[PDB]
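Student: Right, I'll just put the structure down here and ask away after.
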Amino acid sequence: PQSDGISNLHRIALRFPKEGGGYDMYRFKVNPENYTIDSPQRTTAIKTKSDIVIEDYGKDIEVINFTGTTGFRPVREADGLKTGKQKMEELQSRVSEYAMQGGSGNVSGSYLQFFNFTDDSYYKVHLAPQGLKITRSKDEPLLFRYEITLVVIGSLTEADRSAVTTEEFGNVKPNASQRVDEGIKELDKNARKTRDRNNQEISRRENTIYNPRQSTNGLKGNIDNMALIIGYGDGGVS
Amino acid sequence: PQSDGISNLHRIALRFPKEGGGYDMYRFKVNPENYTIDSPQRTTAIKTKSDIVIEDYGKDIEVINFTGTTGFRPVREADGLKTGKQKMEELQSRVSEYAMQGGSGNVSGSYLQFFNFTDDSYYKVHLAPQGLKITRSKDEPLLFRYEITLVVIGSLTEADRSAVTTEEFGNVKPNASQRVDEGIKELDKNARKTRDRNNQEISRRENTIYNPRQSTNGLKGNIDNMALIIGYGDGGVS
Amino acid sequence: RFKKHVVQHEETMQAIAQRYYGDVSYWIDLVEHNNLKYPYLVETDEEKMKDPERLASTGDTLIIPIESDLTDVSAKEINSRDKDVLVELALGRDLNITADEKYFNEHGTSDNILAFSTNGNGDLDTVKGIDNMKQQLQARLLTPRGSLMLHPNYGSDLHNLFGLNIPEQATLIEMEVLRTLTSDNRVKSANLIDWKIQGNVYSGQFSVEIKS
Amino acid sequence: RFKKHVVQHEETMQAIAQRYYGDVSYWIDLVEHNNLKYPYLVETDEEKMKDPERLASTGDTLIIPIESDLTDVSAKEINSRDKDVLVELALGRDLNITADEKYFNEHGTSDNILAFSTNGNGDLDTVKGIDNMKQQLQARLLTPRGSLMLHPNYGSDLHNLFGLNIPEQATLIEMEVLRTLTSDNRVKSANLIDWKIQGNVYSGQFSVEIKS
Amino acid sequence: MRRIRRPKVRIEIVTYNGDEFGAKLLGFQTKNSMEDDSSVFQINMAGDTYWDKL
């Protein structure tokens with residue numbers, strides 16, 4: 001939304017991760033003075049004698065940077081009456097909780113959700129290397145200005161890398177190999193030595209998603225158990 | 001054409017590649033505010049102890065950069081009624097999709113096509129490493145601004161370099177080589193061993209595009225094809 | 001994996017391999033996948049009536065492997081005989097537990113809601129194909145994030161997102177649903193096409209791109 | 001490849017070699033390339049009557065090699081055969097399929113257009129040199145890009161381009177014509193001279209730099 | 001007056017065509033020296049084509 005044709009725009013909001021489970025959010029009472037989004041490309045162009053070679057390697061980090069202030073008037077809140085100074089102090093404390101115990105200790109959240117209701121865009125962001133920058137100036141005796149840069153981990157609509165489920169059709173665990181190893185553990189020293197010798201003998205004369213349906217990947221695994229339990233040689237083969 | 005009192009203005013259009021082949025046609029509804037084109041040269045200057053030496057290697061990769069703002073007021077579209085914010089978002093999504101799919105070194109299809117209709121000129125272009133930088137400052141709150149930078153691959157009048165159909169007169173795929181190789185595959189190991197011996201003997205006795213007509217390059221292919229239909233020694237020669 | 005296709009009026013089997021895989025040379029291996037006798041594609045159906053299972057004619061479906069599985073002999077053998085059973089196997093097979101479809105849509109984010117059912121005779125009901133994929137998305141959405149006894153971080157916080165129906169809560173719900181739907185690798189993307197409010201009732205719909 | 005020359009009044013034989021190679025001394029090779037006797041050029045045309053093939057005069061045409069093929073005996077031999085027909089070795093000979101330019105120009109992009117035909121009697125019509133080049137641009141451009149049953153990316157996208165009659169679309173038609181025509185090595189380059197949009201008729205005319 | 005120079009490198013290969021190989025040239029080195037018992041040269045090629053397989 002904006003102020004045009006549609007009803008009143010919604011300010012920009014920031015969602016942080018609660019230590020104790022759940023989530024806490026932060027909405028800006030005053031929209032930022034500047035809002036820049038850099039979306040470079042990782043591509044290099046090098047001309048040869050009589051041709052041009054273009055190579056590309058994907059999308060570059062989309063860097064988000066914006067500058068805003070806090071109003072001097074108070075305004076209603078979800079709990080309490082917080083003025084601009086308290087608002088900016090809470091922002092500082094939140095950033096410091098996300099940054100100071102990030103490399104040390106542990107933070108529950110792995111990332112930050114950045115909501116642009118005004119621009120109708122969403123992304124998952126992490127603190128940039130430039131980081132937060134607060135400054136107060138002569139010609140703003142009562143106000144407080146903030147400058148933050150961010151790097152986009154990715155689109156918020158997609159799911160987390162660690163929370164992805166593969167196809168995983170059929171059995172995933174080869175139980176044949178598991179029981180082969182379990183049975184080999186009980187074998188005597190001579191049995192294991194003979195299995196090594198047999199393996200060498202077969203080896204030196206060669207050249208001259210587990211599912212038994214619609215696949216042949218788990219072939220030798222079933223043979224290994226059957227050869228151990230039945231007994232091809234003193235130990236087995238393969 | 002530009003507005004010159006003889007024809008009405010004609011605005012720029014981008015023709016992006018479509019996933020299933022064919023192309024989009026993104027045309028700007030307000031033309032750029034700044035438009036810059038660079039033409040760097042690969043000339044180098046080295047200063048010798050008694051003279052200056054001027055050396056050139058030819059034209060270098062051109063750069064196209066331009067900046068503008070999407071209009072505010074709603075404007076009818078060739079298949080809709082789209083506002084400036086929807087147009088800017090469509091642009092961002094095209095560029096995101098083009099950039100992200102290039103993760104295999106380089107797209108096998110087209111590069112971007114850049115119809116600079118205002119002054120008569122046409123180019124094939126690729127996203128520069130500056131990328132699509134989008135910003136919206138305090139001034140002009142309801143107007144978006146976009147900054148694009150592009151590198152020129154070549155004129156759109158000229159088809160792709162590797163795709164050009166060469167002359168290919170005569171026969172590029174001679175049958176003589178093929179049937180020679182089939183013969184030699186069909187020969188017995190002793191036959192090939194003797195052929196190797198005869199080749200080595202000939203080499204000892206050294207000292208002490210294809211067309212069957214008006215060409216000598218394929219002479220050996222006709223001779224190599226012989227010495228197998230006729231028993232010139234137990235195996236062919238050369 | 002594979003792409004679907006249909007026989008067009010007087011299209012030759014050479015023409016298909018060339019258009020999809022580039023080189024015409026590949027048609028030879030491509031006929032074994034569709035298990036075709038020599039008249040590989042033939043225009044007339046009364047000519048398909050000669051020996052129906054070993055031919056294709058105008059209007060019939062065809063199977064088109066990806067190029068990596070083109071040369072696999074196992075893919076050849078499986079695609080030869082399974083034919084339409086491809087999609088079912090490729091989307092997989094599972095027990096059907098949408099017994100009370102009218103009912104589970106009255107108490108979601110509450111437990112005890114799904115149950116086995118019976119179809120056919122003397123056998124528990126099973127679901128396959130796209131229906132299976134829907135059912136699985138449905139169950140994944142209606143399950144809380146840490147409630148299955150193994151492999152937790154499965155499910156959603158939909159039971160936690162109940163709030164004052166202001167739009168930020170609605171974007172939050174949108175994002176959770178999209179995350180939940182995009183968790184399965186089989187699905188490519190999701191995207192919202194509508195969100196809509198009726199006082200204390202949310203309503204909206206999502207389009208999901210399922211791989212061919 | 002080569003260049004043509006026309007003999008001028010009292011033209012000094014050595015002046016040709018100098019004028020196109022800078023040094024004088026390559027005239028021994030040039031006159032061997034053109035199978036001349038010692039009287040390399042002569043003022044009087046009656047003298048040519050005696051040995052026409054081995055004696056040139058004012059206004060006659062000579063063949064100038066490029067520098068790299070100057071000393072190649074085989075090029076000297078071939079260049080002694082194809083005298084003022086050498087163009088045929090670069091552009092080539094092919095079968096005529098343009099039986100009537102009054103026919104296909106009124107039917108345009110379609111199946112079932114062109115056909116082999118016979119000029120004279122008994123000998124099948126072979127169309128050669130510049131006239132081969134006419135055909136090999138025309139028959140190429142009328143074919144749609146996907147069409148041909150080997151080596152795809154033949155043809156053009158021209159059949160797609162019957163959109164709205166507005167100026168941008170006309171430039172798109174120019175672009176596909178330019179792209180299609182510069183796709184064959186026998187032409188150096190192409191560019192548009194003029195275009196004319198009637199109420200539903202596109203008309204435009206293009207230059208092409210055929211080689212030689 | 002200052003001299004003008006326009007270098008134009010060619011490459012020919014004998015066992016892919018040589019003229020296409022020469023087109024993707026970018027730079028080369030040619031260490032030749034009578035002091036040591038070995039002459040060695042290096043060529044830098046662009047990454048447009050997979051040269052490892054060719």
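To be explicit about the labels: the chains of the structure tokens are called A, B, and onward in the order shown, and within each one the residues are counted from 1, while ligands get numbers from 1 in the order they are shown.
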Got a sec to pull out which chain D residues are within 8 Å of chain C, counting only C-alpha atoms, and send them as a list in words?

Tutor: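 Residues of chain D within 8 Å of chain C, counting only C-alpha atoms: residues 146, 149, 150, 151 and 152 of chain D.
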
Student: Just the selected residues (N, CA and C atoms), exported as a PDB file, in the first residue's frame, please.

Tutor:
ATOM      1  N   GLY D 146      12.324 -23.745 -36.585  1.00  0.00           N
ATOM      2  CA  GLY D 146      12.299 -25.111 -36.083  1.00  0.00           C
ATOM      3  C   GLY D 146      12.306 -26.179 -37.165  1.00  0.00           C
ATOM      4  N   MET D 149      14.509 -31.184 -40.736  1.00  0.00           N
ATOM      5  CA  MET D 149      14.586 -32.461 -40.026  1.00  0.00           C
ATOM      6  C   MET D 149      16.012 -32.874 -39.662  1.00  0.00           C
ATOM      7  N   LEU D 150      17.024 -32.078 -40.005  1.00  0.00           N
ATOM      8  CA  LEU D 150      18.351 -32.196 -39.411  1.00  0.00           C
ATOM      9  C   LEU D 150      18.896 -30.782 -39.313  1.00  0.00           C
ATOM     10  N   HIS D 151      19.934 -30.601 -38.462  1.00  0.00           N
ATOM     11  CA  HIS D 151      20.550 -29.320 -38.122  1.00  0.00           C
ATOM     12  C   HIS D 151      19.446 -28.298 -37.876  1.00  0.00           C
ATOM     13  N   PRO D 152      18.770 -28.339 -36.721  1.00  0.00           N
ATOM     14  CA  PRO D 152      17.789 -27.286 -36.437  1.00  0.00           C
ATOM     15  C   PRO D 152      18.450 -25.936 -36.196  1.00  0.00           C
TER      16      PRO D 152
END

Student: Quick one: which residues from chain B are at most 7 Å off chain D, using only C-alpha atoms, as a PyMOL selection string?

Tutor: chain B and resi 157-159+164-167

Student: Show which residues sit within 9 Å of range 101-104 of chain C, as JSON, numbers by chain. Count only C-alpha atoms, and ignore same-chain residues fewer than 3 positions away.

Tutor: {"C": [98, 107, 108, 113, 114]}

Student: In Å to one decimal, how far is CA of residue 1 in chain C from CA of residue 110 in chain B?

Tutor: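 For CA of residue 110 in chain B relative to CA of residue 1 in chain C, the distance reads 26.8 Å.
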
Student: Which parts of range 100-184 of chain D does DSSP call helix (DSSP H, G or I) when run on the backbone here, written out as a ChimeraX atom specification?

Tutor: /D:104-106,130-141,158-160,167-181

Student: Can you build me a table of chain A residues sitting at most 10 Å from chain E, with the closest atom pair per residue and its distance in Å to one decimal, using only C-alpha atoms, sorted by chain and residue number, as CSV?

Tutor:
residue,atom,partner,partner_atom,distance
A:46,CA,E:46,CA,8.4
A:47,CA,E:26,CA,8.2
A:48,CA,E:24,CA,5.7
A:49,CA,E:23,CA,6.1
A:50,CA,E:23,CA,6.4
A:51,CA,E:23,CA,7.1
A:52,CA,E:24,CA,9.0
A:53,CA,E:48,CA,6.2
A:54,CA,E:48,CA,7.7
A:55,CA,E:48,CA,7.5

Student: Go ahead and write the selection's residues with N, CA, C and O atoms as a short mmCIF file (atom, residue, chain, number, x, y, z; two decimals), in the first residue's frame.

Tutor:
data_model
loop_
_atom_site.label_atom_id
_atom_site.label_comp_id
_atom_site.auth_asym_id
_atom_site.auth_seq_id
_atom_site.Cartn_x
_atom_site.Cartn_y
_atom_site.Cartn_z
N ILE A 46 35.23 -10.06 -20.66
CA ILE A 46 36.61 -9.94 -21.12
C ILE A 46 36.63 -10.22 -22.62
O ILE A 46 36.29 -11.33 -23.06
N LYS A 47 37.00 -9.22 -23.40
CA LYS A 47 37.05 -9.35 -24.85
C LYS A 47 38.34 -10.05 -25.30
O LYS A 47 39.42 -9.80 -24.76
N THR A 48 38.21 -10.91 -26.31
CA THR A 48 39.35 -11.52 -26.98
C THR A 48 39.68 -10.72 -28.26
O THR A 48 39.20 -9.60 -28.44
N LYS A 49 40.47 -11.31 -29.16
CA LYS A 49 40.98 -10.56 -30.31
C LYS A 49 39.86 -10.05 -31.21
O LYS A 49 39.95 -8.95 -31.77
N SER A 50 38.79 -10.84 -31.34
CA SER A 50 37.71 -10.57 -32.30
C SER A 50 36.37 -11.14 -31.83
O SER A 50 35.52 -11.48 -32.66
N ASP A 51 36.17 -11.25 -30.52
CA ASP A 51 34.91 -11.73 -29.96
C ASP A 51 34.79 -11.21 -28.54
O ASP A 51 35.77 -10.75 -27.95
N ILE A 52 33.58 -11.27 -28.00
CA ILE A 52 33.33 -10.89 -26.61
C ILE A 52 32.80 -12.10 -25.85
O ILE A 52 31.84 -12.74 -26.28
N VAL A 53 33.44 -12.38 -24.71
CA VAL A 53 33.10 -13.49 -23.82
C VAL A 53 32.41 -12.94 -22.59
O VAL A 53 32.97 -12.11 -21.86
N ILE A 54 31.19 -13.42 -22.35
CA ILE A 54 30.39 -13.08 -21.18
C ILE A 54 30.19 -14.35 -20.37
O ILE A 54 29.79 -15.38 -20.91
N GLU A 55 30.48 -14.27 -19.07
CA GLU A 55 30.24 -15.35 -18.12
C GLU A 55 29.54 -14.79 -16.89
O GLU A 55 29.83 -13.67 -16.46
#

Student: What's around residue 181 in chain B at 12 Å? Count only C-alpha atoms, leave out sequence neighbours fewer than 4 positions away in its own chain, and write the answer as a ChimeraX atom specification.

Tutor: /B:174-177,185-187,192,221,224-225,228,236,238

Student: Please produce a file of those selected residues containing N, CA, C and O atoms, as a tab-separated table (two decimals), in the first residue's frame.

Tutor:
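For reference, out_1.tsv as written:
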chain	number	residue	atom	x	y	z
B	174	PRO	N	33.72	-37.27	-43.92
B	174	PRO	CA	34.08	-38.27	-44.93
B	174	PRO	C	33.85	-39.70	-44.46
B	174	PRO	O	34.10	-40.05	-43.31
B	175	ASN	N	33.36	-40.54	-45.39
B	175	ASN	CA	33.12	-41.95	-45.11
B	175	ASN	C	34.40	-42.76	-45.08
B	175	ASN	O	34.42	-43.84	-44.47
B	176	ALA	N	35.46	-42.27	-45.73
B	176	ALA	CA	36.72	-43.01	-45.78
B	176	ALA	C	37.28	-43.24	-44.39
B	176	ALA	O	37.67	-44.36	-44.04
B	177	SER	N	37.30	-42.19	-43.56
B	177	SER	CA	37.80	-42.33	-42.19
B	177	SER	C	36.97	-43.34	-41.40
B	177	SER	O	37.51	-44.19	-40.68
B	185	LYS	N	39.04	-51.80	-36.59
B	185	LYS	CA	38.40	-52.47	-35.46
B	185	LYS	C	38.19	-53.94	-35.76
B	185	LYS	O	38.39	-54.80	-34.89
B	186	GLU	N	37.78	-54.26	-36.99
B	186	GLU	CA	37.46	-55.63	-37.34
B	186	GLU	C	38.71	-56.50	-37.50
B	186	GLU	O	38.59	-57.73	-37.51
B	187	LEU	N	39.89	-55.90	-37.60
B	187	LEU	CA	41.11	-56.67	-37.78
B	187	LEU	C	41.48	-57.44	-36.51
B	187	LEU	O	41.09	-57.08	-35.39
B	192	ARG	N	46.80	-56.07	-36.63
B	192	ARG	CA	47.15	-54.71	-36.25
B	192	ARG	C	48.60	-54.64	-35.78
B	192	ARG	O	49.28	-53.63	-36.01
B	221	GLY	N	42.96	-40.19	-47.38
B	221	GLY	CA	41.78	-40.97	-47.05
B	221	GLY	C	41.44	-42.01	-48.09
B	221	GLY	O	40.97	-43.11	-47.76
B	224	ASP	N	44.33	-44.55	-47.63
B	224	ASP	CA	44.19	-45.29	-46.39
B	224	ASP	C	43.05	-46.30	-46.48
B	224	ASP	O	43.12	-47.37	-45.86
B	225	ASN	N	42.00	-45.97	-47.23
B	225	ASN	CA	40.92	-46.91	-47.47
B	225	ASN	C	41.39	-48.15	-48.23
B	225	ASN	O	40.72	-49.19	-48.17
B	228	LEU	N	43.39	-52.70	-47.54
B	228	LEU	CA	42.51	-53.58	-46.78
B	228	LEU	C	41.60	-54.37	-47.70
B	228	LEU	O	41.36	-55.55	-47.46
B	236	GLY	N	46.72	-52.80	-43.08
B	236	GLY	CA	46.87	-51.55	-43.80
B	236	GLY	C	48.13	-50.80	-43.41
B	236	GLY	O	48.92	-51.21	-42.55
B	238	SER	N	49.56	-46.73	-42.73
B	238	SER	CA	49.19	-45.34	-42.45
B	238	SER	C	47.69	-45.24	-42.16
B	238	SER	O	47.02	-46.25	-41.94

Student: Please report as a Markdown table every residue of chain B lying within 10 Å of chain A, along with the nearest atom pair and their distance in Å (one decimal), using only C-alpha atoms.

Tutor:
| residue | atom | partner | partner_atom | distance |
| --- | --- | --- | --- | --- |
| B:42 | CA | A:47 | CA | 9.8 |
| B:57 | CA | A:49 | CA | 7.6 |
| B:58 | CA | A:49 | CA | 8.1 |
| B:59 | CA | A:47 | CA | 9.0 |
| B:60 | CA | A:47 | CA | 6.8 |
| B:61 | CA | A:47 | CA | 6.9 |
| B:72 | CA | A:4 | CA | 9.2 |
| B:73 | CA | A:4 | CA | 9.4 |
| B:85 | CA | A:119 | CA | 8.2 |
| B:86 | CA | A:120 | CA | 10.0 |
| B:89 | CA | A:119 | CA | 9.0 |
| B:92 | CA | A:39 | CA | 9.7 |
| B:95 | CA | A:39 | CA | 9.8 |
| B:96 | CA | A:59 | CA | 7.7 |
| B:97 | CA | A:59 | CA | 9.3 |
| B:98 | CA | A:59 | CA | 9.1 |
| B:99 | CA | A:59 | CA | 5.4 |
| B:100 | CA | A:59 | CA | 5.2 |
| B:101 | CA | A:58 | CA | 7.1 |
| B:102 | CA | A:58 | CA | 5.5 |
| B:103 | CA | A:58 | CA | 4.7 |
| B:104 | CA | A:57 | CA | 6.9 |
| B:105 | CA | A:56 | CA | 5.1 |
| B:106 | CA | A:55 | CA | 5.5 |
| B:107 | CA | A:56 | CA | 8.5 |
| B:111 | CA | A:54 | CA | 9.7 |
| B:126 | CA | A:54 | CA | 8.2 |
| B:127 | CA | A:41 | CA | 7.0 |
| B:128 | CA | A:41 | CA | 6.6 |
| B:129 | CA | A:41 | CA | 4.5 |
| B:130 | CA | A:40 | CA | 4.7 |
| B:131 | CA | A:40 | CA | 4.0 |
| B:132 | CA | A:39 | CA | 5.5 |
| B:133 | CA | A:38 | CA | 4.6 |
| B:134 | CA | A:37 | CA | 5.2 |
| B:135 | CA | A:36 | CA | 4.2 |
| B:136 | CA | A:35 | CA | 5.4 |
| B:137 | CA | A:34 | CA | 4.1 |
| B:138 | CA | A:33 | CA | 4.7 |
| B:139 | CA | A:33 | CA | 8.3 |
| B:141 | CA | A:33 | CA | 9.3 |
| B:142 | CA | A:2 | CA | 7.6 |
| B:145 | CA | A:36 | CA | 10.0 |
| B:146 | CA | A:37 | CA | 10.0 |
| B:147 | CA | A:38 | CA | 9.6 |
| B:148 | CA | A:40 | CA | 10.0 |
| B:149 | CA | A:40 | CA | 9.7 |
| B:151 | CA | A:45 | CA | 8.2 |
| B:152 | CA | A:52 | CA | 9.2 |
| B:153 | CA | A:52 | CA | 6.4 |
| B:154 | CA | A:52 | CA | 8.2 |
| B:161 | CA | A:51 | CA | 8.1 |
